[PDB]
Structures are given as C-alpha cells and as structure tokens.
Amino acid sequence: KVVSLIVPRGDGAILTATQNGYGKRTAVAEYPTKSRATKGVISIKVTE
DNA sequence: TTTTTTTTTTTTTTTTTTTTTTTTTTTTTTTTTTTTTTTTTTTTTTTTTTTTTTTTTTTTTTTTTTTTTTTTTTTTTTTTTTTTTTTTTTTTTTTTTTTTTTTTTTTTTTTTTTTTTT
C-alpha cells in the first residue's frame with residue numbers, strides 16, 4: 001500500500017480518483033468520512 | 001762591485017658553481033559519433049452524430065472487525081556546543097585613457113674579406 005498522492009479539502013468540490021488501466025471516476029468531498037490518524041481503509045474504487 | 005731579502009703573476013690544473021641542452025605528465029585541440037529540429041505524404045489514426053442491450057447504484061436490512069479506548073515506557077525530538085562550508089566586505093593588483101622620457105629590429109642590392117667543410 002504505497003501512498004500515491006495526498007490532497008487537502010480546500011472547499012466543497014469533487015474528487016476524481018483514477019486507475020492505471022484507463023480507470024476514471026469522480027465523487028463529492030462530502031462522502032468520505034474523517035477520523036483520527038493510524039486508521040484503516042475507506043474503499044474508494046472497485047480495483048482488480 | 002758582488003751578493004742577499006722580498007714581492008707578485010705566471011707554469012697554471014682541479015674543485016665548486018653556473019649555464020645550457022634535454023624529454024614525463026596533465027591540460028588543449030581536431031576528429032567522428034551520437035542527440036535535436038523542420039518538411040511530404042501517407043496509409044493510417046482519430047474526432048464527432050445516431051442506435052442499442054447492458055451492469056452497477058440506489059429503496060431496505062444484517063453484522064463484525066476495524067474504530068473506540070487508557071496507559072507504560074520507550075526514543076525520537078530538542079537543546080547546547082563545536083566544526084565545515086557558503087557567502088559577502090575588504091584589499092590588492094592590473095588595464096585603459098593622453099602628452100611626455102627613452103629606445104629596439106627584419107629584409108634588397110654588389111664586392112671583398114674571413115671562417116668552416118670537402
């Protein structure tokens with residue numbers, strides 16, 4: 001689990017995750033919840 | 001009139017030093033070889049309407065393992081000190097300007113003499 005990239009909030013806006021093999025997706029920053037450090041996974045995409 | 005003392009430059013040739021001819025090592029320089037940029041056209045790739053059957057998200061409910069959690073003791077973090085490097089004031093040296101002071105060299109042309117080589 002190599003950390004690919006970090007992005008701040010900035011403002012209410014749309015995140016766009018992507019994939020190696022032509023995978024492209026968009027989502028709103030309101031969806032992913034927040035918590036303290038040293039935590040687990042929030043499934044962002046359907047990989048593999 | 002004969003004979004006696006002292007002084008130096010030469011017979012000097014050898015020791016010391018200097019001068020003058022030499023050729024190993026790091027810094028230049030010309031060559032070939034590999035990275036860049038602009039056109040033709042060319043099959044080839046690629047942009048954009050229409051239809052279509054698809055396959056993943058959103059009604060609703062479930063749980064469990066990652067999110068809660070408190071606490072011991074480490075160990076990375078910070079503090080002081082000192083060394084190494086970077087960078088900028090300071091100083092020194094050198095060059096150019098225009099009137100002055102000084103100098104120094106390379107060749108033709110002919111004819112005669114020295115001065116080496118064969």
# chains A, B, ... in the order shown; residues from 1 in each chain; ligands from 1
call {"tool": "select_by_dssp", "arguments": {"residues": "chain A", "states": "strand (DSSP E)", "output": "MDAnalysis selection string"}}
result
chainID A and resid 14:15 27:28
call {"tool": "interface_residues", "arguments": {"of": "chain B", "to": "chain A", "cutoff": "12 Å", "atoms": "only C-alpha atoms (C1' of nucleotides)", "output": "list in words"}}
result
residues 56, 65, 66, 67 and 68 of chain B
call {"tool": "write_last_selection", "arguments": {"atoms": "N, CA, C and O atoms (P, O5', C5', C4', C3', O3' and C1' of nucleotides)", "output": "CSV table (one decimal), in the first residue's frame"}}
result
chain,number,residue,atom,x,y,z
B,56,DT,P,-20.5,-3.8,-13.4
B,56,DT,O5',-20.6,-2.5,-12.3
B,56,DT,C5',-20.5,-1.2,-12.8
B,56,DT,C4',-21.6,-0.3,-12.2
B,56,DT,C3',-21.6,-0.4,-10.6
B,56,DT,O3',-22.0,0.9,-10.1
B,56,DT,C1',-23.7,-1.1,-11.4
B,65,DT,P,-14.5,-10.2,11.4
B,65,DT,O5',-13.4,-9.2,10.7
B,65,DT,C5',-13.9,-8.2,9.9
B,65,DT,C4',-13.4,-6.8,10.5
B,65,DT,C3',-12.0,-6.8,11.1
B,65,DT,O3',-11.4,-5.6,10.8
B,65,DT,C1',-13.6,-6.2,12.7
B,66,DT,P,-9.9,-5.5,10.1
B,66,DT,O5',-9.6,-4.0,10.0
B,66,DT,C5',-10.3,-3.1,9.1
B,66,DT,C4',-11.2,-2.1,9.9
B,66,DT,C3',-10.4,-1.0,10.6
B,66,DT,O3',-11.1,0.3,10.3
B,66,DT,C1',-11.8,-2.1,12.2
B,67,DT,P,-10.4,1.7,10.6
B,67,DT,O5',-11.2,2.2,11.9
B,67,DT,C5',-12.4,2.9,11.8
B,67,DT,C4',-13.1,3.0,13.1
B,67,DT,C3',-12.6,4.1,14.0
B,67,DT,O3',-13.7,5.1,14.3
B,67,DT,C1',-12.9,2.1,15.2
B,68,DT,P,-13.2,6.2,15.4
B,68,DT,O5',-13.9,5.7,16.8
B,68,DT,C5',-13.2,5.8,18.0
B,68,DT,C4',-13.9,5.1,19.1
B,68,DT,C3',-13.4,5.4,20.5
B,68,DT,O3',-14.2,6.4,21.2
B,68,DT,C1',-13.5,3.1,20.1
call {"tool": "atom_distance", "arguments": {"atom1": "atom CA of residue A:38", "atom2": "atom CA of residue A:3"}}
result
13.4 Å
call {"tool": "atom_distance", "arguments": {"atom1": "atom CA of residue A:16", "atom2": "atom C1' of residue B:47"}}
result
24.8 Å
call {"tool": "residues_around", "arguments": {"residues": "residue A:8", "least_positions_apart": "6", "cutoff": "12 Å", "atoms": "only C-alpha atoms (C1' of nucleotides)", "output": "PyMOL selection string"}}
result
chain A and resi 14-15+29
call {"tool": "write_last_selection", "arguments": {"atoms": "N, CA, C and O atoms", "output": "CSV table (one decimal), in the first residue's frame"}}
result
chain,number,residue,atom,x,y,z
A,14,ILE,N,-15.3,18.4,-6.0
A,14,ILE,CA,-15.4,17.0,-6.5
A,14,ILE,C,-14.0,16.4,-6.5
A,14,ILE,O,-13.1,17.0,-7.2
A,15,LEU,N,-13.8,15.3,-5.8
A,15,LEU,CA,-12.6,14.5,-6.0
A,15,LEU,C,-12.7,13.6,-7.2
A,15,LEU,O,-13.8,13.2,-7.6
A,29,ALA,N,-16.5,15.6,-2.1
A,29,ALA,CA,-15.8,15.5,-0.9
A,29,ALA,C,-16.7,15.3,0.3
A,29,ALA,O,-16.1,14.9,1.4
